[PDB]
Structures are given as structure tokens and as C-alpha cells.
Amino acid sequence: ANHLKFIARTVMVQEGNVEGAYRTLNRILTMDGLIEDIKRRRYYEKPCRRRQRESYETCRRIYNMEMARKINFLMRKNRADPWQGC
Amino acid sequence: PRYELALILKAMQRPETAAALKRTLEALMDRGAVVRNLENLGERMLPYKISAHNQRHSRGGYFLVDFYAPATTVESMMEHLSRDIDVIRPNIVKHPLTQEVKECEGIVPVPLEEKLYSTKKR
Amino acid sequence: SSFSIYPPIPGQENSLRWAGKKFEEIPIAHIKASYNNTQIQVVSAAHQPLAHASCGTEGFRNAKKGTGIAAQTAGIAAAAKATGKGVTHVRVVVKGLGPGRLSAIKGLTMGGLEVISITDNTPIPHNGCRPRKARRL
Amino acid sequence: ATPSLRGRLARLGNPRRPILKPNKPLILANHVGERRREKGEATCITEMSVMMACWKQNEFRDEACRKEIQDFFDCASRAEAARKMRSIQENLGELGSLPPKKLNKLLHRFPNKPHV
Amino acid sequence: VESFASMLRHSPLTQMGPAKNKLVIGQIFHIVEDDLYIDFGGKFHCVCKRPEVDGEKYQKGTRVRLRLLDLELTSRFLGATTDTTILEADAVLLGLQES
RNA sequence: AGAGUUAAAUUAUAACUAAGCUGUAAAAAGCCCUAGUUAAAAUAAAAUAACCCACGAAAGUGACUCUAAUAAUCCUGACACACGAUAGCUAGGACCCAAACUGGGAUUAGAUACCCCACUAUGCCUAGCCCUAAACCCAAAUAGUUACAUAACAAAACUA
Ligand SMILES: [Mg+2]
Ligand SMILES: [Mg+2]
Ligand SMILES: [Mg+2]
Ligand SMILES: [Mg+2]
Ligand SMILES: [Mg+2]
Ligand SMILES: [Mg+2]
Ligand SMILES: [Mg+2]
Ligand SMILES: [Mg+2]
Ligand SMILES: [Mg+2]
Ligand SMILES: [Mg+2]
Ligand SMILES: [Mg+2]
Ligand SMILES: [Mg+2]
Ligand SMILES: [Mg+2]
Ligand SMILES: [Mg+2]
Ligand SMILES: [Mg+2]
Ligand SMILES: [Mg+2]
Ligand SMILES: [Mg+2]
Ligand SMILES: [Mg+2]
Ligand SMILES: [Mg+2]
């Protein structure tokens, strides 16, 4: 509002394909959480409720992170087995 | 150097700027301050539009004043810069050269946490 | 071909024109896309309104005007009324998160109008006023 | 990097107050979950709307606009072919990853030890 | 007679120090299509992929040059009492035994 | 705890332009002194950082600046002393926005509810009260050990 206009959350379209520009914008906003934030501010969410969410999210993230880590570590051993029909 | 005065002055011509800086520093020495140095960070377009003294401002001159002052007086100087119509926006910070840098020895890596659960066999 | 996603700052020498105009001189298409309705207003660079079209203006009624189709129809209409007053290129400003966002944009293109830049200015409070309570107690 | 687990859970030893309250214990399971099937949305809606405008304008005589009819048809054919042929390849190829069956087998070959 | 300690102290595996980034010599004892099972003499074999350049020169019995990363691939995962062994070693296949 | 300050929103209020705007699973009622854009004090609340885990005795505390400042050469200890979320009370001031209550609209067999719209006490500031919470990490304080050793579940078992 007091900032200069058009410098922010702005994407310029290339070779006239708009769908792509918009996609890029939406990716920018998804990445910075602006989208989730917008969506979550439609209604209010009482502090305890928010505390609970943050905690659940962080648990969830820890688990996904670690499972992923174990996948990428175990990934080598998916290769065809040498010892078949031993 | 003890306090740092961040001055954003209305953008003006040479003589009037010089005048504003002079009267400002004088006020500082009257609240009992000892002025170490005067730095000029130039005039720029302000990051956003700043409304002060029934004026909506776009550009501004930037200055730093390092000075020592009795703890009591920061409120006084603050009051003074408040009502000067040539100042776009004043601030007084504990001088960043007083705080000294401790040594990051490095990043101590944190091991995954163990024994959060018992040895139960599900 | 060097193509910057970032717009052309005013103080810059930067030379790009669309029909001979600077990036600053191009008209603005404001689009407010809200959950029950989508509104569009094309305006001069100098902020004189050229054209206005909404899903209500387009003769849909209560729930139907929520949908994407409606939004698109408003887009086309807006662009017609706009090209009448002779605006070839327009910079989109999308305000709000709704069912009609994308649709009203590509309706602006469908309706024979050229979109150069598409900006999102959605109110995001940095915590001002408390929004209304949650549904289903 | 994984978020820190130190000090987070409520335990007899921990000095401070809990940060996480996990709903179910944080122990890596020996299988992964099954991929969530994509929610569908209507297809061809744009071509439909264009054809409907063409009709409203020309008073619903089909001879008047053959292009939008034919293109709406073309599109519905591409949505049928899409529904048929995408099911199988989305159900097999995960790209850089493995089908959840293979992951589960791989994870049973090198399981987690909660016990001992 | 040589005390075990004396042997351990002089062995080439003690001489190496940390096994990260060490040039080593290894020998291929098993093959599945592109997979070379290489014994470099430590504990676990490693397994590398047959390179594109001179692919047919790599045969059971061949000798190759390796860059050792980790002597055993091991990690602890969330909720586990002990680490998990892949029962393998981590290496990069360089070329074959320039001689 | 004081004192000072404000970026993003929001609103009084004008200026253009449009007839609608709002609202839902869907409507109605409401508003058209309305809506979009451009300008804007006050008030209130503090995106991101935070995948951090700090401060405080606890309750609590995460916009910015400065001033003052975080007991004990550190065992336990009250009914004594001093504090203590929200709500609530008294008096004065504020009022953007939210909202018990209430009034309208739907829904329903009914609907003194859930859903929609308006609006109040109240949420804010000053001063005084009130002394309660699933004030729960349902795990007393201070030193310790990992020996013996599985009711079950849970956050492993124990000594003084
Ligand atoms: Mg309840
Ligand atoms: Mg503490
Ligand atoms: Mg539970
Ligand atoms: Mg503001
Ligand atoms: Mg007022
Ligand atoms: Mg009505
Ligand atoms: Mg903030
Ligand atoms: Mg102390
Ligand atoms: Mg005591
Ligand atoms: Mg109280
Ligand atoms: Mg109160
Ligand atoms: Mg009162
Ligand atoms: Mg009120
Ligand atoms: Mg309300
Ligand atoms: Mg009623
Ligand atoms: Mg006070
Ligand atoms: Mg509590
Ligand atoms: Mg109790
Ligand atoms: Mg006690």
C-alpha cells in the first residue's frame, strides 16, 4: 500500500502464453506458504488449535523426512538379486 | 562508540540539509552528548512512502551519528527529533560496535534422539 | 534470448514496449476473485476506469456466479467493452483466492485482449483484524 | 536435514515443556502408505462454454457452427482416451520412485528395530 | 610369536586411517548384468555399475581401481535401537588396474 | 515494568465508474447511504523468520527502539507472604474487527441448535477487585544409579 506497485508477486508472461505464467506465479505463492496462509485466514483459528496444528505438522514432517531418508539409503539394494534360487 | 543515531532527513538542497544536521548535532550536545562521528549514506528513494509532518515522502537523505550519551537522555533526544519538521524518521540504537563477535567454532551436528520410546515388542 | 520474469522498474532505462507504450503506461485489469463472485475492472494507467464486468453484471444468479464458467464469461465481456475503448494490452492484478481466478484471466485472453504481466495482490494481513469464527461448532 | 527431536517430547528426564505431542509414537513403520488416487475434475468445460456461446448467438441451429461442435467432440475423445490410458501408466510408473509394493518389500528386507 | 596387537598395528587396513576418499585396488568376484560385485579386501564387497567405456573388459577375476567413500553403509533411523546395515560398502569405480 | 514508534491489512471519508453487492450443499433475509479502482487518520492485532526451542517461579512471553531488570556461595519447608490463563465485577476512556445475548432468514415433526445477516455485553487502555481452569507435561522438590528387573497401557526401571 505504501510500497511501490507491481514489483511484488508479479510474473511477466513469455511469448504470450499465460497459463504458464500463472502456473509460475502459483508455484511462487505455494512455495512461500502465502496460499496456505490466505486459506487459513478465511476463518479464525484459536491459539490452542493452532499450537496443535504446528505440533502435528512438525511430527508429520519428521516422520516423512526420516522415512524418505531411509528410502534413499536403502535404494541401492533394489537391484536384481545375485543369489537367486540359492 | 555508544549510541547510533539513524537519521532519515527530508531530501533537500545543500544549505538546508547542512543546517538541519547542524541544529540536530547541537541539540545532541545540549542533551549532554559527545559526538564521535558523522556519516552520510547518501540520498535514496525511501523503501516505502513515509508520512511525517503532514507530508507524504518518497526520497530521503540518510545519516548516522555515533555518540556517547548519559543513559537518561535518549528519551530527551528522541522527543526533540520527534518534533523537528525536517526529519523524516529518527531512531536511536545501541551502537553495533559495542557488541563484539563471539566465535562460531562451527556447527555442532545433532545426533538423532534416542530412547524416546521403550523396548516394547509390538 | 534473455527473458526476465521480473517486471521493469520505473527508474530504469529499460526498453520494452507494447504498441509503443512503456510498461507503466499499459492499462490494468483488476480482478477480484471471491468465493461467491468474481468482478473485473479495466482501468487506465492513470486510474480512469475504462470497463467493468462482474458475474452478476453478466446475468448469473446466486450460486451459479461462483463457478469458473461464470468468471470466464465476465472476462470475455470485460475484454469486449475494453477493446471498444481501444485497449490492446493489459496487466492483470489478481486480488483474492477464488473459483474464478484463472478462469477470468484466460477469459480476458479469449475475449480478444492481450495479457502481458500477471500480478497477485491478495490482502495478507501481517495480523490486523481478527477474521470471523469457524463453521460447524 | 530432519527437524530436531532433542528436548521435544515430554519425558521424565526432559527439563523443559513439550514441543511436540505426537498422536502416535514416532517409530519408522516397516511399510509405506498407499498412493492417494487423484480427485477428478470436469473436463472439456472450456470447449463446452465456447460451443454454448456459439449456440446462444446463432439460435441453436447446428449447421451454423460446425467448428465448436467438432472441437468439443475432439476434446471429449481426448478425455476418454486420457481416462483409459492414464490409469494404467499412473498405476505403474512412479517416475524416479518405486511402486509401493516394491518399497514395502525393500523395507521388510531391512526393517526397523524398536525392540532389544 | 606375533601378538595380535602387533599384527593389527601394522596391517594395511590400519595403515589407511579413515576410509573416506582413499584410492584402493579391488577385484571383481561376481557379475549380474550391469552390476559388478567388487571385493576390495576390507569386509563387505561393494557393488558398482559397469562403465560405458570398455564394458567387456570387466570380467569375474578382473582387477579395478576404486575410490572408497565408506567402509560400511550404516545409519540409525527414527525409533530404532541399533543401526541398520545395508551389508555393503560405498565406492566409486574409477577405471581398471592401469598396468 | 515503563516510555516512545509502525510495516501489512482494515475503516471514517471524499473522487471517478458500474447496477447491483453479500451470502450458502442450495436459498432466503440483509444492503443498494451498495460495489470495484484511487486516495486516507484513529483503533485493534502483531505474515514470513519458527524445520528455532529461548526467557520467566508459575500463569505466561515470539513487530521495532531505548531505560530499569531476571533472589540465594543455590537442601527440604507452611494454613504465613507475594503472584496467578480465560471468563466476570466496579469506575473512567476507546471501538477497526470479532462476538455470548437478542432480532431477523433458512433448516426441521419441532430447532428456543448446527448454517446466513445485523447488532450488544465483552475482547482494548487506566485504576481497583475477583483467585478459578483438562492452572495436566494428569509424572512433587533436591541429590543420584542403569545395578535387580517386564501385571497391562503409557513417557523404561530404581535408590536416598
Ligand atoms: Mg464445545
Ligand atoms: Mg524454565
Ligand atoms: Mg492419544
Ligand atoms: Mg498502514
Ligand atoms: Mg472512529
Ligand atoms: Mg432478496
Ligand atoms: Mg509481525
Ligand atoms: Mg537466579
Ligand atoms: Mg526453599
Ligand atoms: Mg486473574
Ligand atoms: Mg477484563
Ligand atoms: Mg466500562
Ligand atoms: Mg462493542
Ligand atoms: Mg459478525
Ligand atoms: Mg431464530
Ligand atoms: Mg501500563
Ligand atoms: Mg497451561
Ligand atoms: Mg493434579
Ligand atoms: Mg514441594
# chains A, B, ... in the order shown; residues from 1 in each chain; ligands from 1
>>> interface_residues(of="chain A", to="chain C", cutoff="9 Å", atoms="only C-alpha atoms", output="ChimeraX atom specification")
/A:6-14,16-19,21-22,25,34-35,37-39,41-46
>>> write_last_selection(atoms="N, CA and C atoms", output="compact mmCIF listing (two decimals), in the first residue's frame")
# COMPACT_ATOMS: atom_id res chain seq x y z
N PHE A 6 3.54 -3.23 -8.30
CA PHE A 6 3.90 -4.06 -9.45
C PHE A 6 5.25 -4.70 -9.37
N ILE A 7 5.98 -4.44 -8.29
CA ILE A 7 7.26 -5.09 -8.12
C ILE A 7 7.12 -6.46 -7.43
N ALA A 8 5.95 -6.75 -6.85
CA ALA A 8 5.82 -7.91 -5.97
C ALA A 8 4.70 -8.87 -6.34
N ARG A 9 5.00 -10.17 -6.22
CA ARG A 9 4.09 -11.26 -6.60
C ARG A 9 3.70 -11.12 -8.06
N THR A 10 4.60 -10.52 -8.82
CA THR A 10 4.41 -10.24 -10.24
C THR A 10 5.23 -11.18 -11.09
N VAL A 11 4.58 -11.74 -12.10
CA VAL A 11 5.27 -12.55 -13.08
C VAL A 11 4.99 -11.90 -14.42
N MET A 12 5.98 -11.85 -15.31
CA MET A 12 5.74 -11.37 -16.66
C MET A 12 5.59 -12.54 -17.63
N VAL A 13 4.57 -12.52 -18.49
CA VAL A 13 4.31 -13.67 -19.35
C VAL A 13 5.27 -13.65 -20.54
N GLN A 14 5.63 -14.84 -21.01
CA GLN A 14 6.62 -15.00 -22.09
C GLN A 14 6.01 -15.58 -23.34
N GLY A 16 3.63 -14.78 -24.89
CA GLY A 16 2.18 -14.72 -24.82
C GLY A 16 1.45 -15.92 -24.23
N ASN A 17 2.16 -16.88 -23.63
CA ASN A 17 1.45 -18.00 -23.04
C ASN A 17 1.20 -17.71 -21.56
N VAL A 18 -0.07 -17.48 -21.27
CA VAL A 18 -0.49 -17.00 -19.97
C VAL A 18 -0.63 -18.12 -18.95
N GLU A 19 -1.19 -19.26 -19.36
CA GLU A 19 -1.36 -20.40 -18.46
C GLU A 19 -0.07 -20.71 -17.74
N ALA A 21 2.60 -18.65 -17.22
CA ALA A 21 2.95 -17.59 -16.29
C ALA A 21 2.18 -17.78 -15.00
N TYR A 22 0.87 -17.89 -15.11
CA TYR A 22 0.04 -18.14 -13.95
C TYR A 22 0.54 -19.35 -13.15
N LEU A 25 3.50 -18.22 -11.13
CA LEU A 25 3.02 -17.43 -10.01
C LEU A 25 2.52 -18.30 -8.87
N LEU A 34 2.14 -18.52 1.22
CA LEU A 34 1.13 -17.50 1.03
C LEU A 34 -0.23 -18.12 0.74
N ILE A 35 -0.25 -19.22 0.01
CA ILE A 35 -1.53 -19.83 -0.32
C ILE A 35 -2.18 -20.44 0.92
N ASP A 37 -1.56 -19.76 3.95
CA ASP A 37 -1.87 -18.66 4.86
C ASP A 37 -3.19 -17.96 4.48
N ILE A 38 -3.31 -17.55 3.22
CA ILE A 38 -4.56 -16.99 2.72
C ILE A 38 -5.73 -17.88 3.10
N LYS A 39 -5.58 -19.18 2.87
CA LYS A 39 -6.69 -20.09 3.08
C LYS A 39 -7.03 -20.21 4.55
N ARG A 41 -6.60 -17.97 6.85
CA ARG A 41 -7.06 -16.73 7.45
C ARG A 41 -8.49 -16.38 7.05
N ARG A 42 -9.15 -17.28 6.33
CA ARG A 42 -10.55 -17.06 5.97
C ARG A 42 -11.41 -17.09 7.22
N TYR A 43 -11.16 -18.07 8.07
CA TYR A 43 -11.77 -18.12 9.38
C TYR A 43 -10.70 -17.93 10.42
N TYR A 44 -11.06 -17.77 11.68
CA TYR A 44 -10.01 -17.57 12.65
C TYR A 44 -9.71 -18.92 13.20
N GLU A 45 -8.56 -19.09 13.84
CA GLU A 45 -8.27 -20.38 14.46
C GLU A 45 -7.65 -20.06 15.78
N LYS A 46 -8.27 -20.58 16.81
CA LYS A 46 -7.98 -20.14 18.13
C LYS A 46 -6.62 -20.71 18.49
>>> residues_around(residues="segment 6-22 of chain B", least_positions_apart="2", cutoff="7 Å", atoms="only C-alpha atoms (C1' of nucleotides)", output="MDAnalysis selection string")
chainID B and resid 4 24:26 43 59:65 86:92
>>> closest_atom_pairs(of="chain F", to="chain C", cutoff="9 Å", atoms="only C-alpha atoms (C1' of nucleotides)", output="JSON lines")
{"residue": "F:7", "atom": "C1'", "partner": "C:126", "partner_atom": "CA", "distance": 8.4}
{"residue": "F:8", "atom": "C1'", "partner": "C:126", "partner_atom": "CA", "distance": 4.7}
{"residue": "F:9", "atom": "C1'", "partner": "C:125", "partner_atom": "CA", "distance": 4.1}
{"residue": "F:10", "atom": "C1'", "partner": "C:129", "partner_atom": "CA", "distance": 6.6}
{"residue": "F:16", "atom": "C1'", "partner": "C:48", "partner_atom": "CA", "distance": 7.0}
{"residue": "F:17", "atom": "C1'", "partner": "C:49", "partner_atom": "CA", "distance": 5.8}
{"residue": "F:18", "atom": "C1'", "partner": "C:52", "partner_atom": "CA", "distance": 6.3}
{"residue": "F:19", "atom": "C1'", "partner": "C:57", "partner_atom": "CA", "distance": 7.6}
{"residue": "F:20", "atom": "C1'", "partner": "C:56", "partner_atom": "CA", "distance": 7.3}
{"residue": "F:22", "atom": "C1'", "partner": "C:36", "partner_atom": "CA", "distance": 8.8}
{"residue": "F:23", "atom": "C1'", "partner": "C:36", "partner_atom": "CA", "distance": 7.7}
{"residue": "F:24", "atom": "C1'", "partner": "C:63", "partner_atom": "CA", "distance": 7.9}
{"residue": "F:26", "atom": "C1'", "partner": "C:63", "partner_atom": "CA", "distance": 7.8}
{"residue": "F:27", "atom": "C1'", "partner": "C:62", "partner_atom": "CA", "distance": 8.6}
{"residue": "F:36", "atom": "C1'", "partner": "C:41", "partner_atom": "CA", "distance": 6.5}
{"residue": "F:37", "atom": "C1'", "partner": "C:47", "partner_atom": "CA", "distance": 7.1}
{"residue": "F:38", "atom": "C1'", "partner": "C:47", "partner_atom": "CA", "distance": 6.7}
{"residue": "F:44", "atom": "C1'", "partner": "C:129", "partner_atom": "CA", "distance": 6.7}
{"residue": "F:45", "atom": "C1'", "partner": "C:128", "partner_atom": "CA", "distance": 4.4}
{"residue": "F:46", "atom": "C1'", "partner": "C:127", "partner_atom": "CA", "distance": 5.2}
{"residue": "F:47", "atom": "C1'", "partner": "C:126", "partner_atom": "CA", "distance": 4.1}
{"residue": "F:96", "atom": "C1'", "partner": "C:129", "partner_atom": "CA", "distance": 7.2}
{"residue": "F:97", "atom": "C1'", "partner": "C:129", "partner_atom": "CA", "distance": 4.9}
{"residue": "F:98", "atom": "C1'", "partner": "C:130", "partner_atom": "CA", "distance": 6.0}
{"residue": "F:99", "atom": "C1'", "partner": "C:132", "partner_atom": "CA", "distance": 9.0}
{"residue": "F:114", "atom": "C1'", "partner": "C:136", "partner_atom": "CA", "distance": 6.2}
{"residue": "F:115", "atom": "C1'", "partner": "C:136", "partner_atom": "CA", "distance": 8.0}
>>> residues_near_ligand(ligand="ligand 17", cutoff="9 Å", atoms="only C-alpha atoms (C1' of nucleotides) and all ligand atoms", output="ChimeraX atom specification")
/F:59-60,85,133,135-136
>>> interface_residues(of="chain A", to="chain D", cutoff="10 Å", atoms="only C-alpha atoms", output="JSON list (two decimals) with C-alpha atoms, in the first residue's frame")
[["chain", "number", "residue", "atom", "x", "y", "z"],
["A", 51, "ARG", "CA", -0.46, -24.88, 18.59],
["A", 52, "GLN", "CA", -1.92, -28.33, 17.98],
["A", 54, "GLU", "CA", 2.00, -26.80, 14.29],
["A", 55, "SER", "CA", 2.91, -29.70, 16.52],
["A", 56, "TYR", "CA", 1.11, -32.21, 14.30],
["A", 57, "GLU", "CA", 2.75, -30.77, 11.20],
["A", 58, "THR", "CA", 6.20, -30.97, 12.67],
["A", 59, "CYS", "CA", 5.67, -34.54, 13.80],
["A", 60, "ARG", "CA", 4.36, -35.40, 10.34],
["A", 61, "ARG", "CA", 7.39, -33.75, 8.73],
["A", 62, "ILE", "CA", 9.89, -35.52, 10.95],
["A", 63, "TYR", "CA", 8.35, -38.82, 10.05],
["A", 64, "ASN", "CA", 8.16, -38.20, 6.31],
["A", 65, "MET", "CA", 11.66, -36.80, 6.28],
["A", 66, "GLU", "CA", 13.05, -39.82, 8.03],
["A", 67, "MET", "CA", 11.13, -42.39, 6.02],
["A", 68, "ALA", "CA", 12.34, -40.67, 2.86],
["A", 69, "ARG", "CA", 15.89, -40.74, 4.18],
["A", 70, "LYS", "CA", 15.65, -44.48, 4.78],
["A", 71, "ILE", "CA", 14.19, -44.98, 1.32],
["A", 72, "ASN", "CA", 17.06, -43.15, -0.40],
["A", 74, "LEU", "CA", 18.02, -48.43, 1.04],
["A", 75, "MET", "CA", 17.57, -47.64, -2.64],
["A", 77, "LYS", "CA", 19.53, -52.74, -2.78],
["A", 78, "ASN", "CA", 16.57, -52.77, -5.14]]
>>> residues_near_ligand(ligand="ligand 10", cutoff="9 Å", atoms="only C-alpha atoms (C1' of nucleotides) and all ligand atoms", output="VMD selection string")
chain F and resid 59 84 to 86 130 to 132
>>> atom_distance(atom1="atom 1 (Mg, counted along the ligand's line) of ligand 18", atom2="atom CA of residue 116 of chain B")
24.6 Å
>>> closest_atom_pairs(of="chain D", to="chain B", cutoff="7 Å", atoms="only C-alpha atoms", output="JSON lines")
{"residue": "D:5", "atom": "CA", "partner": "B:113", "partner_atom": "CA", "distance": 5.6}
{"residue": "D:6", "atom": "CA", "partner": "B:113", "partner_atom": "CA", "distance": 5.7}
{"residue": "D:114", "atom": "CA", "partner": "B:119", "partner_atom": "CA", "distance": 6.0}
{"residue": "D:115", "atom": "CA", "partner": "B:119", "partner_atom": "CA", "distance": 4.7}
{"residue": "D:116", "atom": "CA", "partner": "B:119", "partner_atom": "CA", "distance": 6.0}
>>> interface_residues(of="chain B", to="chain A", cutoff="8 Å", atoms="only C-alpha atoms", output="PyMOL selection string")
chain B and resi 47-50
>>> write_last_selection(atoms="N, CA and C atoms", output="CSV table (one decimal), in the first residue's frame")
chain,number,residue,atom,x,y,z
B,47,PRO,N,12.3,3.2,1.0
B,47,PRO,CA,11.9,1.8,0.6
B,47,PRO,C,10.4,1.8,0.5
B,48,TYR,N,9.6,2.5,1.3
B,48,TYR,CA,8.2,2.7,1.1
B,48,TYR,C,7.9,4.2,1.4
B,49,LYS,N,6.7,4.6,1.2
B,49,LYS,CA,6.3,6.0,1.4
B,49,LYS,C,6.2,6.3,2.9
B,50,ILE,N,6.9,7.4,3.3
B,50,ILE,CA,6.8,7.7,4.7
B,50,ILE,C,6.0,9.0,5.0
>>> residues_near_ligand(ligand="ligand 16", cutoff="10 Å", atoms="only C-alpha atoms (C1' of nucleotides) and all ligand atoms", output="ChimeraX atom specification")
/F:1-3,125-126
>>> residues_near_ligand(ligand="ligand 12", cutoff="10 Å", atoms="only C-alpha atoms (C1' of nucleotides) and all ligand atoms", output="PyMOL selection string")
chain F and resi 90-94+122
